[PDB]
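Colleague: Below: one structure in structure tokens.
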Amino acid sequence: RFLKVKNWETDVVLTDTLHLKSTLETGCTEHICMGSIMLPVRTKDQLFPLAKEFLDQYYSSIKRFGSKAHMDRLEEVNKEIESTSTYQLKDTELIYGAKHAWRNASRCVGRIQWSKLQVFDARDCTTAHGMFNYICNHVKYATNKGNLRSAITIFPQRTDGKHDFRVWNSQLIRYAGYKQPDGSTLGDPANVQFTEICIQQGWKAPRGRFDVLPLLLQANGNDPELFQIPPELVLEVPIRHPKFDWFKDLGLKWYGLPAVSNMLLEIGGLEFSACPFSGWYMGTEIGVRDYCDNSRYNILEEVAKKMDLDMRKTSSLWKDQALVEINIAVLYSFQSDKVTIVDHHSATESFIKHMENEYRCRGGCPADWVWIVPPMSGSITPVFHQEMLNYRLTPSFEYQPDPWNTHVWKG
Amino acid sequence: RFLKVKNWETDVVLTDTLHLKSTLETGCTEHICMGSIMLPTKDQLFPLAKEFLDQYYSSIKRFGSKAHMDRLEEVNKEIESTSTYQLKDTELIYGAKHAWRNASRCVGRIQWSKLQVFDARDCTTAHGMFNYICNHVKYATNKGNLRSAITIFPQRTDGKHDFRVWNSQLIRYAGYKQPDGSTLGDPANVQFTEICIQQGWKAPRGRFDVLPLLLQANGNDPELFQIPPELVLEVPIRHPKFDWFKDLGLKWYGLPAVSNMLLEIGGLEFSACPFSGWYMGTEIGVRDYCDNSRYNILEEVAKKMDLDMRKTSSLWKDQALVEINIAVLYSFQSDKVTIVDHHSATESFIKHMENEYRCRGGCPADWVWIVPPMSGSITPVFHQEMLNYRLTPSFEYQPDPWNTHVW
Ligand code: HEM
Ligand code: HEM
Ligand SMILES: Cc1cc(N)nc(CCc2cccc([C@@H](O)Cc3cc(C)cc(N)n3)c2)c1
Ligand SMILES: Cc1cc(N)nc(CCc2cccc([C@@H](O)Cc3cc(C)cc(N)n3)c2)c1
Ligand SMILES: C[C@H](O)[C@H](O)[C@H]1CNc2nc(N)[nH]c(=O)c2N1
Ligand SMILES: C[C@H](O)[C@H](O)[C@H]1CNc2nc(N)[nH]c(=O)c2N1
Ligand SMILES: [Zn+2]
């Protein structure tokens, strides 16, 4: 069965057949849409179908479907599963797998870049210290002195789920936050809980507004250990505004490398539970969400103050006014320092073109509108007017519970 | 099956039980989410009627009472005979108010229980419909102190006797494309603005030309009528800071009044049912003025602001968009015409959601439509998980008359 999506701005219609190859389930039914819900160990029995499915895709993409090499590989994975209850991916398979997961990520506006991903294979890693080493090379390579490059590092897959590799950090680089006894937060409120663990694990806290957290790393199901990213490796950008000279005196800066480290890469039924990946920022991620969410740095008040806006009635749109100024400043700061960044008009325009192309070549592009539309200026970007279909393909990135909620402490 | 929703800005958690009473379908399956898609007999009539009368009698705490059963009985008899039935006034009022209460795409529902219902079921002609509509407009407008209202024309019968209002809103500006290539006035209304001339309207050939009402009673060819200009309240748009703003010569009408929808009560189809309330600011400033296939004034306003229009990253569109929206709010407020800003309306709807969770056990809401088209993440609805499902009574879309009416 075929499906059509329409663009309401341009009247362009497209046709999805790709949703037919859809394995996983959405959370919705005929009677309920869960489209805005934030969050919607394997036996051999369930493993071999998922293995075969994946290897069938892999072998079409290299145009060797049904080849002797396709058949032998199947045969060999089969054997290894019945013998060992799991299997190992070839290098090329891991590469293709990680690229496809990104490509299938329906919540990512950045997917035009999907085919340029530097995959680091850290499947020989055995210790935390090893993890730290791999991650440092990740950070340095992806940073590339401000000329950011997409990359991901892949640690050893789950086995019995008692020997997990995890990167406790949600991102490799993120600022501390510290709840004060008067109730106010210093630094990033998003990171309070994780900062406390870090403190607990013996991290000595500088207790400033922009302290970079230490990596907290678990190998082979062991207790996690702390490590300090070398600060020479952490690219940061001081936030100034092109016209507003007082802007710099707000004391704000942000780091340049967005690197998500808490998700799970599923490839052919294998679970890679530490797979930190990184790209570059869309301006709004910092300027709208990081600075301006009420449960984050929440600088709207102080920026609006300094702008002397009328703050006495919301109807003055003073909140909206400051929000724009702050995003102007984020883009200007990064561009001035030659650190890769993309604005939301440009990101969304690019994505429309990716999506169209994806329909042409692939028969579809799963896309989550709730997440693809930017958190400011929604309707003046072309994605707002784009109908999208959301469905789950593997390989894929999935969420996983926070490790402190599930970890068996060794002491 | 007892579902939770979380606010991620406040950690507030509500449990939804109301979705279990869902009678309509979404477009979504286990395998595909369609959340972002704009438009996805005696027999079936009795259950629909029963289900409706059941909620009615329950709402007035007379569930399973004498009066309840008798009514079920009476409606049963009438169906058996006439192949339809008629709603009592009280039911009609409940039906409409509830159709609005169940509108998952509407942010303005905190107001749902104060809808003024005008029973136009006794109407028989376009002139009649015109008269009923003018009274609606005048009552609703109320000199700027806008009031919610809906006017209900007769229900569908055999579906060749349909009452329809061909306009998509009662009050909308004409659109005509010119030899030059582009468009004058409002590009959304081009096709209809033609159907009006292709029907005999002389057009004042201007921008903000209020279009003629085009009315269809009992299935007949539809007829033209000009709403007395004195009944169309308009607001000249100016900026509280920028005096050149007014020189763009922009105005907007005060009365948003949707007129092409179909209202379904207890299986009955009210296909002419224009309803109106008041504007949230962004509807005009973000959508009407700034959409590319609408008035598209951003490029023009940005100029007068002397912004850097060289590169997308100066956020000039965004900068302008805010000022425009300041100007709309400012003007309406100055002229004491009712209007609500997106911050206030979303705060109100969060409050409404609260209310509905504890009083009704839930509140269907379509996130894609509830979050405003600007400044999304700084309004509280952005961070609010919503569950979307279809309840009844309801408003529903229906095909453009001209594609359908037998001429
Ligand atoms: C090229 C630079 C990139 C940009 C500008 C970009 C943009 C984004 C943005 C704006 C979001 C929504 C995040 C939010 O606002 O909360 C997102 C989500 C996502 N992105 Fe991309 N992205 C990029 C690279 C990548 C890479 C390299 C991967 C993995 C290989 C990736 C995978 C995802 C995933 C899995 C999500 C969903 C997160 C979730 O479900 O919580 N992104 N991306
Ligand atoms: C009180 C002032 C009101 C405000 C501020 C309000 C606000 C809104 C907004 C912002 C939308 C999304 C529309 C768009 O962007 O195109 C909306 C849609 C809707 N509203 Fe309300 N509304 C109000 C009164 C009413 C009344 C009186 C009714 C009916 C009695 C109603 C029923 C609907 C319906 C049925 C839709 C969209 C239907 C669809 O597309 O499926 N609204 N309204
Ligand atoms: C609070 C919260 C709740 C929840 N249920 N899920 C989440 C995860 C969502 C998320 C949060 C921050 C950063 C990203 C990331 O997606 C940010 C990112 C990553 C990459 C690689 C590139 C880029 N431009 N941006 C994703 C967060
Ligand atoms: C182009 C298009 C195509 C399509 N298939 N559907 C639509 C959506 C239908 C719609 C359009 C404009 C305004 C409203 C209305 O929702 C606008 C409105 C109505 C009321 C009563 C109050 C208020 N504040 N605002 C509804 C649009
Ligand atoms: C494609 C997308 O579904 C469509 O543009 C929707 C999105 N959200 C909307 N939200 C509102 N309030 N009004 C709209 O017209 C739309 N349009
Ligand atoms: C409730 C809702 O799902 C949630 O607040 C979402 C909405 N859209 C988003 N979109 C992006 N890009 N990032 C987010 O964190 C969110 N949060
Ligand atoms: Zn859905």
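Please note that chains go A, B, ... in the order of the structure tokens, that every chain numbers its residues from 1, and that ligands are numbered from 1 in the order shown.
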Give as a PyMOL selection string the residues surrounding ligand 7 up to a distance of 6 Å, considering only C-alpha atoms and all ligand atoms.

Modeller: (chain A and resi 28+33-35) or (chain B and resi 28+33-35)

Colleague: Print the selection's residues with N, CA, C and O atoms to a file, as a compact mmCIF listing (two decimals), in the first residue's frame.

Modeller:
```txt
# COMPACT_ATOMS: atom_id res chain seq x y z
N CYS A 28 1.43 4.48 18.65
CA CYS A 28 0.09 4.88 18.25
C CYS A 28 -0.77 3.67 17.95
O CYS A 28 -0.27 2.58 17.77
N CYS A 33 -3.10 8.74 19.01
CA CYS A 33 -1.82 9.15 18.46
C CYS A 33 -0.96 9.55 19.64
O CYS A 33 -1.38 10.35 20.47
N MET A 34 0.22 8.95 19.72
CA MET A 34 1.20 9.25 20.78
C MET A 34 2.35 10.06 20.20
O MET A 34 3.44 10.15 20.77
N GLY A 35 2.06 10.70 19.07
CA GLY A 35 3.03 11.47 18.30
C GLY A 35 3.82 12.52 19.06
O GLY A 35 4.90 12.91 18.62
N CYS B 28 -3.50 7.00 12.35
CA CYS B 28 -2.33 6.23 12.84
C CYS B 28 -2.58 4.72 12.99
O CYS B 28 -3.68 4.29 13.28
N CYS B 33 2.87 6.72 12.16
CA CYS B 33 2.22 7.83 12.82
C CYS B 33 1.93 8.87 11.77
O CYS B 33 2.82 9.21 10.98
N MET B 34 0.68 9.36 11.80
CA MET B 34 0.17 10.35 10.86
C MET B 34 -0.15 11.67 11.52
O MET B 34 -0.83 12.52 10.94
N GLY B 35 0.37 11.85 12.74
CA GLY B 35 0.18 13.08 13.50
C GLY B 35 0.36 14.38 12.74
O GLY B 35 -0.21 15.36 13.12
```

Colleague: Please extract the residues at most 7 Å from ligand 2, counting only C-alpha atoms and all ligand atoms, and provide them as a list in words, using the chain letters and residue numbers of this document.

Modeller: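 The residues near ligand 2 are residues 96, 97, 100, 103, 105, 106, 107, 108, 109, 111, 115, 148, 149, 150, 275, 276, 277, 278, 279, 280, 283, 340, 345, 369, 370, 395, 396 and 397 of chain B.
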
Colleague: Give the residue list for ligand 1 at 9 Å, counting only C-alpha atoms and all ligand atoms, as a ChimeraX atom specification, sorted by chain and then by residue number.

Modeller: /A:38-39,98-114,116-118,148-152,258-260,263-265,276-286,289,341-344,347,371-375,396-399

Colleague: With DSSP run on the backbone, what are the alpha helix (DSSP H) residues within stretch 244-386 of chain B? I'd like them as a ChimeraX atom specification.

Modeller: /B:281-282,298-304,316-334,342-360,367-370

Colleague: Selected residues, C-alpha atoms, written as a tab-separated table (two decimals), in the first residue's frame, please.

Modeller:
```tsv
chain	number	residue	atom	x	y	z
B	281	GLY	CA	-2.31	37.18	17.68
B	282	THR	CA	-0.04	34.77	15.77
B	298	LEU	CA	8.42	39.83	5.75
B	299	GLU	CA	10.79	40.85	2.95
B	300	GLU	CA	9.05	44.27	2.92
B	301	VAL	CA	9.00	44.90	6.72
B	302	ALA	CA	12.61	43.74	7.09
B	303	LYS	CA	13.65	46.48	4.62
B	304	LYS	CA	11.99	49.24	6.61
B	316	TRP	CA	16.16	39.06	9.92
B	317	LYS	CA	12.98	37.13	9.11
B	318	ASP	CA	12.75	36.20	12.78
B	319	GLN	CA	13.41	39.78	13.87
B	320	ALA	CA	10.78	41.20	11.61
B	321	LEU	CA	8.36	38.41	12.50
B	322	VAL	CA	8.37	39.47	16.14
B	323	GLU	CA	7.85	43.22	15.39
B	324	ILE	CA	4.88	42.40	13.10
B	325	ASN	CA	3.34	40.31	15.79
B	326	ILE	CA	3.92	43.12	18.32
B	327	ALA	CA	2.07	45.43	15.91
B	328	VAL	CA	-1.02	43.22	15.52
B	329	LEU	CA	-1.50	42.76	19.23
B	330	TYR	CA	-0.83	46.47	19.80
B	331	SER	CA	-3.39	47.60	17.25
B	332	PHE	CA	-6.23	45.31	18.40
B	333	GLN	CA	-5.62	46.27	22.00
B	334	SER	CA	-5.54	49.97	21.16
B	342	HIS	CA	0.21	33.08	22.27
B	343	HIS	CA	1.83	33.29	25.69
B	344	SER	CA	-1.49	33.98	27.39
B	345	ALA	CA	-3.53	31.45	25.34
B	346	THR	CA	-1.09	28.59	25.82
B	347	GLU	CA	-0.87	29.31	29.58
B	348	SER	CA	-4.71	29.24	29.59
B	349	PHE	CA	-4.85	25.95	27.71
B	350	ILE	CA	-2.39	24.33	30.14
B	351	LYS	CA	-4.80	25.43	32.89
B	352	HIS	CA	-7.70	24.04	30.82
B	353	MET	CA	-5.86	20.74	30.34
B	354	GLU	CA	-5.42	20.54	34.16
B	355	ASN	CA	-9.12	21.19	34.63
B	356	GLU	CA	-10.12	18.57	32.09
B	357	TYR	CA	-7.83	15.93	33.55
B	358	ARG	CA	-9.36	16.12	37.00
B	359	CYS	CA	-12.99	16.77	35.90
B	360	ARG	CA	-13.35	14.65	32.80
B	367	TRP	CA	0.40	18.99	19.68
B	368	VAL	CA	1.21	19.86	16.09
B	369	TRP	CA	-1.69	22.41	16.06
B	370	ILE	CA	-1.63	23.60	19.68
```

Colleague: Just want the 12 Å neighbourhood of residue A:197, counted on only C-alpha atoms, with same-chain residues fewer than 3 positions away dropped. Output as number ranges by chain.

Modeller: A: 168-169, 176-178, 191-194, 200-205, 213-216, 224-226, 403-405

Colleague: Any chance you could export the current selection's N, CA, C and O atoms as a compact mmCIF listing (two decimals), in the first residue's frame?

Modeller:
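Resulting contents of part11.txt:
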```txt
# COMPACT_ATOMS: atom_id res chain seq x y z
N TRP A 168 28.04 7.09 31.05
CA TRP A 168 27.02 7.62 31.90
C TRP A 168 26.60 9.01 31.50
O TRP A 168 25.48 9.39 31.70
N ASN A 169 27.50 9.80 30.95
CA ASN A 169 27.16 11.15 30.50
C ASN A 169 26.13 11.07 29.41
O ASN A 169 26.20 10.16 28.58
N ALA A 176 28.31 21.42 34.26
CA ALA A 176 27.77 21.05 35.56
C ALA A 176 26.56 21.90 35.89
O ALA A 176 26.33 22.95 35.29
N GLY A 177 25.77 21.43 36.84
CA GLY A 177 24.76 22.27 37.52
C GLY A 177 24.66 21.82 38.95
O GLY A 177 24.73 20.63 39.23
N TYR A 178 24.46 22.78 39.85
CA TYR A 178 24.57 22.54 41.26
C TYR A 178 23.39 23.19 42.00
O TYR A 178 23.27 24.42 42.00
N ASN A 191 21.63 19.27 34.27
CA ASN A 191 22.68 18.34 34.62
C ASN A 191 22.86 18.17 36.18
O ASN A 191 23.79 17.49 36.65
N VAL A 192 21.94 18.72 36.96
CA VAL A 192 22.07 18.66 38.46
C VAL A 192 22.34 17.25 38.98
O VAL A 192 23.38 16.98 39.57
N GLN A 193 21.44 16.33 38.67
CA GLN A 193 21.53 14.95 39.16
C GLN A 193 22.84 14.27 38.79
O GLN A 193 23.50 13.64 39.63
N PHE A 194 23.20 14.40 37.51
CA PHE A 194 24.44 13.80 37.05
C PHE A 194 25.69 14.42 37.68
O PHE A 194 26.65 13.70 37.94
N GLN A 200 29.67 12.66 43.99
CA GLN A 200 29.73 11.41 44.75
C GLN A 200 30.89 10.48 44.41
O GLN A 200 31.56 9.96 45.30
N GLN A 201 31.12 10.27 43.11
CA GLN A 201 32.19 9.41 42.67
C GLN A 201 33.57 10.04 42.91
O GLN A 201 34.59 9.52 42.43
N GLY A 202 33.62 11.14 43.69
CA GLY A 202 34.88 11.77 44.06
C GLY A 202 35.42 12.90 43.19
O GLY A 202 36.43 13.49 43.52
N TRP A 203 34.77 13.20 42.07
CA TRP A 203 35.01 14.46 41.37
C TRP A 203 35.01 15.63 42.33
O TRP A 203 34.12 15.77 43.20
N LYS A 204 36.04 16.46 42.17
CA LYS A 204 36.16 17.71 42.92
C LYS A 204 35.67 18.90 42.11
O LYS A 204 36.31 19.30 41.14
N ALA A 205 34.54 19.47 42.53
CA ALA A 205 33.76 20.42 41.74
C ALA A 205 34.26 21.84 41.84
O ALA A 205 34.28 22.41 42.94
N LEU A 213 31.88 18.87 32.80
CA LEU A 213 31.78 17.67 33.62
C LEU A 213 32.83 16.69 33.19
O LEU A 213 33.26 16.74 32.04
N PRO A 214 33.21 15.78 34.09
CA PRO A 214 34.15 14.72 33.79
C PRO A 214 33.39 13.60 33.14
O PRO A 214 32.21 13.43 33.42
N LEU A 215 34.05 12.84 32.26
CA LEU A 215 33.47 11.63 31.73
C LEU A 215 33.32 10.64 32.85
O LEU A 215 34.15 10.62 33.78
N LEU A 216 32.25 9.85 32.80
CA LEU A 216 32.01 8.81 33.77
C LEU A 216 31.72 7.55 32.99
O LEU A 216 30.72 7.44 32.29
N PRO A 224 31.64 2.47 37.22
CA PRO A 224 32.20 3.47 36.33
C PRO A 224 33.32 4.27 36.96
O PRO A 224 33.37 4.41 38.19
N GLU A 225 34.19 4.84 36.14
CA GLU A 225 35.26 5.70 36.66
C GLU A 225 35.34 7.04 35.96
O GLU A 225 35.01 7.21 34.75
N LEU A 226 35.81 8.00 36.75
CA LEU A 226 35.95 9.39 36.32
C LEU A 226 37.18 9.69 35.47
O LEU A 226 38.24 9.10 35.65
N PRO A 403 21.87 4.62 33.48
CA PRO A 403 22.59 3.47 34.05
C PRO A 403 22.53 3.44 35.57
O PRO A 403 22.60 2.34 36.14
N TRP A 404 22.35 4.59 36.22
CA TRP A 404 22.32 4.55 37.69
C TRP A 404 21.05 3.97 38.19
O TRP A 404 20.95 3.57 39.36
N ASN A 405 20.05 3.91 37.31
CA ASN A 405 18.79 3.32 37.68
C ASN A 405 18.84 1.79 37.65
O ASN A 405 18.02 1.12 38.26
```

Colleague: Taking only C-alpha atoms and all ligand atoms and a cut-off of 6 Å, can you tell me which residues surround ligand 6, written as a list in words?

Modeller: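 The neighbouring residues of ligand 6 are, in order, residues 36, 37, 38, 370, 371 and 372 of chain A; 382, 383, 384 and 385 of chain B.
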
Colleague: Residue A:179: which residues within 8 Å, counting only C-alpha atoms, same-chain residues fewer than 6 positions away excluded, as number ranges by chain?

Modeller: A: 185-186, 189, 192

Colleague: So that I can see what lies close to residue A:126, please list as a PyMOL selection string the residues with an atom at most 9 Å from it, counting only C-alpha atoms and leaving out residues fewer than 4 positions away in the same chain.

Modeller: chain A and resi 130-131+156+165+219-220

Colleague: Run DSSP on the backbone and grab whatever in stretch 58-148 of chain B lands in strand (DSSP E); send it over as a PyMOL selection string.

Modeller: chain B and resi 116-119

Colleague: Store the residues picked out above, limited to N, CA, C and O atoms, as an mmCIF file, in the first residue's frame.

Modeller:
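Saved the output as selection-v6.cif:
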```cif
data_model
loop_
_atom_site.group_PDB
_atom_site.id
_atom_site.type_symbol
_atom_site.label_atom_id
_atom_site.label_comp_id
_atom_site.auth_asym_id
_atom_site.auth_seq_id
_atom_site.Cartn_x
_atom_site.Cartn_y
_atom_site.Cartn_z
ATOM 1 N N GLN B 116 -22.479 30.706 22.659
ATOM 2 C CA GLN B 116 -23.833 31.115 22.392
ATOM 3 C C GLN B 116 -24.325 30.334 21.192
ATOM 4 O O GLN B 116 -23.703 30.377 20.124
ATOM 5 N N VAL B 117 -25.421 29.586 21.333
ATOM 6 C CA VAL B 117 -25.895 28.766 20.200
ATOM 7 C C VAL B 117 -27.133 29.397 19.594
ATOM 8 O O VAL B 117 -28.097 29.674 20.310
ATOM 9 N N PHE B 118 -27.097 29.644 18.289
ATOM 10 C CA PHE B 118 -28.262 30.142 17.580
ATOM 11 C C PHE B 118 -28.771 29.046 16.710
ATOM 12 O O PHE B 118 -28.123 28.668 15.730
ATOM 13 N N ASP B 119 -29.956 28.583 17.080
ATOM 14 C CA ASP B 119 -30.698 27.533 16.444
ATOM 15 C C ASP B 119 -31.324 28.074 15.165
ATOM 16 O O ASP B 119 -32.338 28.741 15.190
#
```

Colleague: So which residues touch stretch 52-64 of chain A within 10 Å, counting only C-alpha atoms, skipping near sequence neighbours fewer than 6 positions away, as an NGL selection string?

Modeller: :A and (23 or 70-71 or 73-75 or 77-78 or 89 or 92-93 or 96-97 or 100 or 267-269 or 394-395)

Colleague: Do a neighbour search on residue B:273 at 8 Å with only C-alpha atoms, toss out local chain neighbours closer than 3 positions, and write the hits as a VMD selection string.

Modeller: chain B and resid 150 to 153 259 to 263 270

Colleague: For chain B, which residue among A:231, A:401, A:256, A:242 is the nearest when counting only C-alpha atoms?

Modeller: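 Of the candidates, the smallest distance to chain B is held by A:242.
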
Colleague: Neighbours of ligand 5 within 8 Å, counting only C-alpha atoms and all ligand atoms, as JSON, numbers by chain?

Modeller: {"A": [6, 7, 8, 369, 379, 383, 384, 385, 386, 387, 388], "B": [35, 36, 37, 38, 105, 106, 283, 368, 369, 370, 371, 372, 373]}

Colleague: Enter the distance from atom CA of residue B:246 to atom CA of residue B:297, in Å, rounded to one decimal.

Modeller: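 Separation between atom CA of residue B:246 and atom CA of residue B:297: 13.0 Å.
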
Colleague: Ranking A:350, A:137, A:340, A:316 by minimum distance to chain B and counting only C-alpha atoms, which one comes first?

Modeller: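 That would be A:316, the residue with the smallest distance to chain B.
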
Colleague: Separation of atom CA of residue A:65 and atom CA of residue A:51, in Å?

Modeller: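 Straight-line distance from atom CA of residue A:65 to atom CA of residue A:51 works out to 14.9 Å.
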